[PDB]
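**Student:** Pasting an experimental structure, sequence included:
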Amino acid sequence: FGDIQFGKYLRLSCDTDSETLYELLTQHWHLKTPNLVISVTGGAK
């Protein structure tokens with residue numbers, strides 16, 4: 001748990017589900033979406 005300064009981050013396991021992640025991110029944190037854009041890279045050193 002915790003915030004970041006130099007920003008809410010979280011260390012999370014791969015075995016967790018998806019629904020209570022959505023409940024955490026919508027109820028505690030900000031609201032929903034009409035759209036959701038995904039860009040995949042990551043090997044771009």
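**Tutor:** Thanks, I have it. Numbering: from 1, shown residues only.

**Student:** rest of the way, CA atoms for contacts and neighbours
**Tutor:** Fine.

**Student:** which residues does the most centrally placed residue in the chain contact?
**Tutor:** Among the residues of the chain, the one closest to the centroid is residue 25, at 7.1 Å (Cα atoms, centre = their mean). Residue 25 makes contacts with residue 31, as judged by Cα atoms under 8 Å, 6 or more residues apart in numbering.

**Student:** Give me the phi and psi angles of it.
**Tutor:** Dihedral angles phi and psi of residue 25 (degrees, to the nearest 10) take the values phi -80, psi -20.

**Student:** likewise residue 30?
**Tutor:** Note on residue 30: its backbone torsions stand at phi -60, psi -180 [degrees, to the nearest 10].

**Student:** ok, now which ones touch it?
**Tutor:** By Cα under 8 Å, 6+ apart, the contact list for residue 30 is empty.

**Student:** Residue 9 now?
**Tutor:** Residue 9 neighbours (Cα under 8 Å, 6+ apart): 1, 2, 3.

**Student:** if we can go back for a sec, and the residue nearest to the centre of the chain, how far from residue 12?
**Tutor:** 13 Å (Cα to Cα, to the nearest Å).

**Student:** Nice, that's everything, thank you.
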